[PDB]
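Working notes, beginning with the structure itself.
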Ligand SMILES: Nc1nc2c(ncn2[C@@H]2O[C@H](COP(=O)(O)OP(=O)(O)OP(=O)(O)O)[C@@H](O)[C@H]2O)c(=O)[nH]1
Ligand SMILES: [Mg+2]
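Protein chains in written order, with the deposited numbering: chain B, 17 to 151, 157 to 455, 460 to 656, 675 to 933, 935 to 952; chain A, 9 to 177; chain C, 28 to 53, 57 to 96, 101 to 108.
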């Protein structure tokens with residue numbers, strides 16, 4: 017059974033793919049169509065699909081097929097058919113003037129692709145030829166022409182070509198731009214042109230300025246586009262054209278036209294003023310996009326040209342006006358957000374100038390920025406509760422993110438204004454605290474929160490008084506309280522240096538740990554406190570653990586929130602004296618162990634699962650941040684834990700999540716204590732070794748790697764870890780036989796382990812159990828993997844192993860015995876079997892081969908290159924020799941990457 | 009309710025793993041280049057009722073691209089995906105948007121940044137400016153840690169049905 | 028080692044307030063907050079900045095160099 021690639025069959029297949037509900041039917045139809053598109057018969061049937069007899073859904077495939085035949089497979093198209101292929105397209109495009117827009121666009125894309133594929137010399141004047149060819158409808162002909170001319174430059178931005186060809190095309194295209202522009206200018210200038218056309222003109226112009234085109238040439242179309250802004254149907258087109266022509270990178274050099282642009286943008290002000298009043302969001306939004314597009318893209322130059330300081334100021338004001346548009350951003354006005362970027366740039370530019378002139382400009386724009394603070398704090402101010410509750414969830418989130426962006430801009434504003442701003446904020450807040462709406466207080470406090478973290482201690486006079494004000498603030502409303510907590514959390518680093526103030530803020534935060542509505546803030550703040558102010562915290566600690574116990578006893582916090590509290594308590598205990606710390610930790614973990622005992626004895630239940638996970642996680646988090654080493676009783680607790688852990692593991696081995704959670708405790712506890720992790724090593728190796736024999740898990744490999752890197756040098760705890768390593772190697776390699784690509788995580792992690800081991804203790808490779816040949820086989824196979832990070836890790840291992848040769852006889856013999864295959868695999872990878880991103884990770888290996896074993900690499904490369912077209916068929920016989928001669932020399937490491945890049949670029 | 013969603017974006021992004029994560033609830037560690045289009049129906053429960061999104065999973069690699077734009081026809085909406093750890097994917101975004109608009113102009117599209125869960129991030133969160141349109145919104149999704157899993161489909165469902173109040177069951 | 032969107036630079040001038048003017052071997059450089067306070071940069075010192083996508087003129091000081103780069107040949 018078979019279906020020849022004819023129009024009827026292709027059409028039936030299209031109808032099936034587009035309408036048949038069966039998945040496999042679509043998957044079959046689509047494949048048969050994959051064949052149909054590439055098939056030669058396509059050249060005949062495509063046109064027949066474009067006939068008026070068929071639905072647009074069918075016609076479009078006909079157009080797309082052509083587009084793909086030309087774009088993907090241009091090399092196959094014979095030279096004699098060229099003209100025949102061109103002309104045809106044109107004619108069809110003409111027919112689709114009144115036809116479906118989608119198909120017309122696809123055909124124009126196709127013709128553009130053909131043009132670019134024969135742009136350099138074969139089609140000398142494509143633009144002028146299109147113009148002449150188009151000049157039965159007349160208006161639709163112009164529209165089609167404009168669509169083509171619009172698609173032409175963008176299809177170049179995505180056309181994949183070699184550097185020389187790409188440049189050679191870009192030049193000839195730049196030549197054509199100057200022929201396209203007048204056609205656009207004339208069509209716009211003439212009053213006999215309809216809006217439908219003018220839009221296509223603006224879009225065409227905008228599509229052309231996406232390429233690096235001299236602004237001085239664009240000027241006329243800029244003027245016309247500014248004129249078109251008064252028209253309602255042309256606004257969205259003209260604004261995009263204007264912005265795309267102004268915001269372009271090359272426009273920075275042309276200051277002469279950029280100065281002539283300024284008075285035009287200031288002209289839009291009355292249309293902006295009316296739009297803000299009339300509630301026309303689209304218009305004010307567009308006009309603001311224009312204003313900012315000028316501002317942020319030409320600020321430094323506009324300031325440098327001091328002779329027009331008056332204009333720029335006005336511009337700034339306009340932008341300021343767009344910042345202070347009455348109402349809130351999410352709903353009332355879409356404008357304000359767009360403004361933010363500009364402000365930063367201006368600040369930057371003003372700080373970029375030499376100090377002498379910088380003072381001159383700062384004297385002008387400092388009050389502008391002080392006004393910017395008043396504006397931004399008022400807009401970020403929450404609306405009334407009655408109104409806010411009515412906002413769309415999307416709108417609330419929009420305002421949240423928006424508020425984050427403002428919080429970000431205030432951070433730089435502080436870098437500009439300095440302590441004076443802090444003084445103003447403190448004075449305002451004090452004035453407010455000393460009807461009454463929390464929104465204002467929370468606004469100022471939000472500004473203070475945004476700024477506080479970046480504030481230096483050198484000029485921090487406001488901070489003490491601020492901390493003085495914090496308790497005076499009402500905890501009535503939740504948002505204000507959250508802002509308070511976050512503000513404290515930001516003040517943490519300052520609170521560490523001045524522990525006398527801690528007593529005034531601590532109870533305010535500990536109270537918030539009780540309320541469930543503040544969970545995210547409070548805890549975080551507490552963590553941020555405990556992590557920063559640890560040495561001075563122990564006198565207050567008795568109440569902290571007590572309140573932590575009560576707040577945890579009640580189900581006030583979600584689990585993920587509790588975890589942070591466990592980390593916090595870890596940081597807290599890290600400072601306290603040993604005995605008291607052990608007693609307190611025992612007290613806090615005592616209810617947790619009892620619940621763990623209760624879950625283990627019970628048969629594995631779905632309700633019990635999450636309950637066990639919670640305890641395991643709380644333990645892990647408690648262990649992550651508790652470190653008396655300040656780079675241990677935690678080991679004492681770990682020993683007692685080990686039995687219950689073993690029972691729980693015996694009961695819940697099959698559950699992957701629970702197992703991972705159980706391993707996590709050891710992972711964190713090991714990462715925390717470097718040298719103090721030794722007295723638990725013998726017990727840990729037996730637990731992990733049995734766990735890895737049952738089911739392979741990458742986390743276990745990583746843990747073994749950590750144990751290796753930490754405890755290698757200390758021999759006293761080395762013997763048990765050695766057995767776990769060798770066991771792991773035997774289990775992986777045997778698992779790898781069943782499925783190579785089946786478990787990339789395990790492979791990647793294993794490569795990490797072997798690399799760490801090769802670096803830390805090369806002698807370990809001498810042991811007999813490990814199949815040093817099979818390992819090398821697995822790593823050699825790893826470079827072929829489609830998973831990128833696994834390949835990268837294998838490359839890392841390779842990079843580590845090479846200098847170890849000679850120093851270790853196992854590595855030397857292994858490399859001598861199986862060395863050629865590795866270079867074969869690397870050359871295969873460079874040839875085109877690997878992505879271009881990991882190339883630099885591959886090259887490293889090669890470089891190492893030069894640094895460790897020149898004599899072997901010379902012969903290996905020499906032999907590997909001999910067969911014709913080994914890495915790639917495109918490679919010439921002389922190029923193999925140039926790569927050989929280059930790579931041979933005993935050469936810097938960085939140049940090898942460049943050589944490799946050029947080679948792989950040539951191959952692909 | 010039936011709505012066709014075309015899932016596009018650069019190759020190796022992890023969109024197939026997202027779809028698989030939603031269909032089976034299992035994250036797949038291994039990466040296989042998707043050939044052509046992978047059509048899978050995903051159904052989400054809502055207070056209005058059940059909404060069905062027919063996901064056409066597009067090839068990202070150029071060589072496996074296949075029919076390409078031909079999948080886009082009749083799509084009510086789209087999801088563009090990029091890898092946070094790789095800048096090139098983000099650089100290619102306007103290209104995917106451009107091809108999508110040509111076939112379907114005003115359809116709601118969601119931009120998704122993935123592998124955010126990964127410690128090292130190549131793309132800062134500040135850079136994203138795609139959501140500046142009314143029919144566009146950005147999300148940080150993590151197919152592994154399941155962070156913001158339903159968010160794109162939720163936003164799309166709301167914008168399509170016409171009910172901003174619509175929530176997931 | 029340098030990454031994409033990042034150039035290795037050497038300090039040319041000082042602007043203060045966490046800002047420096049420098050000339051990459053391949057612009058204005060900006061050093062941020064606590065990291066900038068912790069490490070003092072000087073003129074003609076080796077550095078490494080990350081290019082900003084919006085403006086090629088401005089970059090962010092990412093790493094302070096203490101010799102290996104000369105051996106690398108970057
Ligand atoms: N860390 C992390 N990795 C992810 C995540 N999502 C996907 N990945 C990675 O992406 C890989 C899967 O690739 P695929 O989903 O097959 O990529 P694709 O969507 O098929 O791309 P195409 O073939 O072009 O269609 C996995 O091996 C993961 O390592 C994530 O959320 N976090
Ligand atoms: Mg896929």
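Ideal Cβ placement from N, Cα and C applies to all residues, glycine included.
**Asked** When you compare each of 111(A), 154(A), 135(A) to residue 125(A) by their alpha carbons, which one comes out closest?
**Response** By 1-based counting over the second chain, the position of residue 125(A) is 117. That would be 154(A), whose Cα lies nearest to the Cα of residue 125(A).
**Closest Cα partner of residue 627(B) within the set 590(B), 694(B), 587(B)** = Residue numbering aside, residue 627(B) sits at position 602 when the first chain is read from its first letter. In terms of Cα proximity to residue 627(B), the closest of 590(B), 694(B), 587(B) is 694(B).
**Asked** Distance, Cα to Cα, residue 704(B) vs residue 31(A)?
**Response** Numbered from its first residue, the first chain carries residue 704(B) at position 661. Numbered from its first residue, the second chain carries residue 31(A) at position 23. Cα-Cα distance, rounded: 25 Å.
**Spatial neighbours of residue 799(B) in its chain, beta-carbon cut-off 7 Å, leaving aside the 5 residues before and after** = As a first step, residue 799(B) must be located in the first chain, where it is residue number 756. For residue 799(B), where only same-chain residues beyond five positions count, the Cβ hits under 7 Å are 748, 751, 752.
**Prompt:** If we ignore side chains and look at the alpha-carbon of each, how far apart do residue 279(B) and residue 290(B) end up?
**Reply:** Reading the first chain from its first residue, position 258 is the one you call residue 279(B). Reading the first chain from its first residue, position 269 is the one you call residue 290(B). Roughly 18 Å separates the two Cα atoms.
**Message:** I'd like to know if residue 75(A) contacts chain B, where contact means its C-beta is closer than 8 Å to some C-beta of that chain.
**Reply:** For the purposes of this step, residue 75(A) is taken as residue 67 along the second chain, with counting starting at 1. Taking Cβ atoms only, chain B reaches closer than 8 Å to residue 75(A), which makes this a yes.
**Buried or exposed (CB count within 10 angstroms, at least 16 for buried), residue 424(B)** = Sequence index remark: in the first chain, residue 424(B) carries index 403 (1-based). Answer is buried; the Cβ neighbour count reaches 16.
**Request:** List the DSSP bridge partners of residue 150(A).
**Result:** Working through the second chain from its first residue, we reach residue 150(A) at position 142. DSSP links residue 150(A) through a beta bridge to 155(A).
**Request:** Starting from the beta carbon of residue 939(B), find every residue of chain C whose beta carbon is closer than 8 Å, and list them in chain order.
**Result:** Here residue 939(B) refers to the residue found at position 895 of the first chain. Result: 107.
**Asked** Would a check of beta-carbon distances place residue 50(B) closer than 8 Å to chain A?
**Response** Locating residue 50(B) in the first chain gives position 34, where the first residue counts as 1. Yes, contact with chain A.
**Prompt:** What are the boundary residues of the alpha helix (DSSP H) that residue 676(B) is part of?
**Reply:** Mapped onto the first chain, residue 676(B) falls at position 633. Segment 676–694, the alpha helix (DSSP H) holding residue 676(B).
**Message:** For a test of the three-state rule: what should DSSP assign to residue 430(B), helix, strand or coil?
**Reply:** As a working note, residue 430(B) is residue 409 in the first chain. Helix at residue 430(B).
**Message:** Could you tell me the alpha carbon to alpha carbon distance between residue 442(B) and residue 688(B), rounded to whole angstroms?
**Reply:** For the purposes of this step, residue 442(B) is taken as residue 421 along the first chain, with counting starting at 1. For the purposes of this step, residue 688(B) is taken as residue 645 along the first chain, with counting starting at 1. Those two C-alpha atoms are separated by around 56 Å.
**Message:** Run through chain C and tell me which residues come within less than 8 Å of residue 95(A), C-beta to C-beta.
**Reply:** Position 87 of the second chain, counting from 1, holds the residue named residue 95(A). The answer, in chain order, is 31, 32.
**Asked** When the distance is taken between beta carbons, is residue 169(B) closer than 8 Å to residue 206(B)?
**Response** For the purposes of this step, residue 206(B) is taken as the residue at position 185 of the first chain. For the purposes of this step, residue 169(B) is taken as the residue at position 148 of the first chain. No, Cβ-Cβ distance for residue 206(B) and residue 169(B) is not below 8 Å.
**Request:** Check residue 176(A) in the structure and name its three-state DSSP category.
**Result:** Counted from its first residue, the second chain places residue 176(A) at position 168. Three-state DSSP puts residue 176(A) in a strand.
**Asked** Enumerated in chain order, which unbroken segments of the alpha helix (DSSP H) with a length of 4 residues or greater are wholly contained in the stretch 310–366 of chain B?
**Response** 330–344
**Asked** So, are the CB atoms of residue 231(B) and residue 258(B) less than 8 Å apart?
**Response** Mapped onto the first chain, residue 231(B) falls at position 210. Mapped onto the first chain, residue 258(B) falls at position 237. No, Cβ-Cβ distance for residue 231(B) and residue 258(B) is not below 8 Å.
**Message:** Does the distance between the C-beta of residue 856(B) and the nearest non-hydrogen atom of ligand 1 fall short of 7 Å?
**Reply:** Within the first chain, the letter at position 813 stands for residue 856(B). No - ligand 1 has no heavy atom lying nearer than 7 Å to the Cβ of residue 856(B).
**Request:** Spatial neighbours of residue 611(B) within its chain, please: CB distance less than 8 Å, with the 5 preceding and 5 following residues excluded, ordered by chain position.
**Result:** As a working note, residue 611(B) is residue 586 in the first chain. Around residue 611(B): 680.
**For residue 277(B), the nearest candidate out of 296(B), 319(B), 37(B) (CA to CA)** = By 1-based counting over the first chain, the position of residue 277(B) is 256. Closest by alpha carbon: 319(B).
**Run of the beta strand (DSSP E) containing residue 865(B), from where it starts to where it stops** = Counting from 1 along the first chain, the entry for residue 865(B) is found at position 822. Segment 852–871 is the alpha helix (DSSP H) holding residue 865(B); no beta strand (DSSP E) there.
**Asked** Comparing alpha-carbon positions, which option in 112(B), 531(B), 702(B), 656(B) lies nearest residue 641(B)?
**Response** Counting from 1 along the first chain, the entry for residue 641(B) is found at position 616. It is 702(B) whose Cα lies nearest to the Cα of residue 641(B).
**Rounded C-alpha distance that separates residue 869(B) from residue 138(A)** = Counting from one through the first chain, the residue named residue 869(B) turns up at place 826. Counting from one through the second chain, the residue named residue 138(A) turns up at place 130. CA-CA distance, residue 869(B) to residue 138(A), rounds to 40 Å.
**Request:** With ligand 2 as the reference, list in chain order each residue whose Cβ lies under 5 Å from any of its heavy atoms.
**Result:** So the residues near ligand 2 by this Cβ test are 24(A), 42(A).
**Item:** Selection from 239(B), 283(B), 237(B), 217(B) that minimises the alpha carbon distance to residue 252(B)
**Value:** Locating residue 252(B) in the first chain gives position 231, where the first residue counts as 1. Residue 217(B) is the option with its Cα nearest to residue 252(B).
**Request:** Output the residue ranges of the alpha helix (DSSP H) runs that lie fully inside the stretch 608–656 of chain B and measure 4 residues or longer, sorted by chain position.
**Result:** Correct list: 631–649.
**Message:** Beta-carbon within less than 6 Å of residue 841(B)'s beta-carbon, same chain only, minus the 5 sequence neighbours each way: which residues are those?
**Reply:** Residue mapping note: residue 841(B) aligns to position 798 of the first chain, counting from 1. Here the set comprises 888.
**Request:** Label residue 912(B) either buried or exposed according to how many other C-beta atoms from any shown protein chain fall within 10 Å of its C-beta, with 16 as the threshold for buried.
**Result:** Position 869 of the first chain holds residue 912(B). Under this definition residue 912(B) is an exposed residue.
**Item:** Of the listed residues 108(B), 129(B), 743(B), 49(B), nearest to residue 7(B) (C-alpha basis)
**Value:** Shown here, chain B extends from 17 to 952; a query on residue 7(B) therefore has no answer.
**residue 90(A) - partner residues in DSSP beta bridges** = As a first step, residue 90(A) is located in the second chain; it is residue number 82 there, counting from the start. Per DSSP, the beta bridge partners of residue 90(A) are 121(A).
**Message:** So that I know if they touch, is there some Cβ in chain C lying closer than 8 Å to that of residue 373(B)?
**Reply:** Your numbering for residue 373(B) matches position 352 in the first chain. Interface residue, yes.
**Prompt:** Can you name, in chain order, every residue of its own chain whose Cβ lies under 6 Å from the Cβ of residue 891(B), other than the five neighbours on each side?
**Reply:** Here residue 891(B) refers to the residue found at position 848 of the first chain. Cβ neighbours of residue 891(B) beyond the five flanking positions: 842, 845.
**Asked** Can you name the residues of chain A whose CB is closer than 7 Å to the CB of residue 83(C)?
**Response** Walking along the third chain from the start, residue 83(C) turns up at place 53. Chain A residues near residue 83(C): 135.
**Asked** residue 353(B) touches chain A at which residues, Cβ-Cβ below 9 Å?
**Response** As a position in the first chain, residue 353(B) is number 332, starting the count at 1. What residue 353(B) touches in chain A: nothing, since even the nearest Cβ is about 15 Å away.
**Message:** So if DSSP puts residue 48(A) in a beta bridge, which residue, or which two residues, is it bridged to?
**Reply:** Taking the first residue of the second chain as position 1, residue 48(A) is located at position 40. Answer is 63(A), bridged to residue 48(A).
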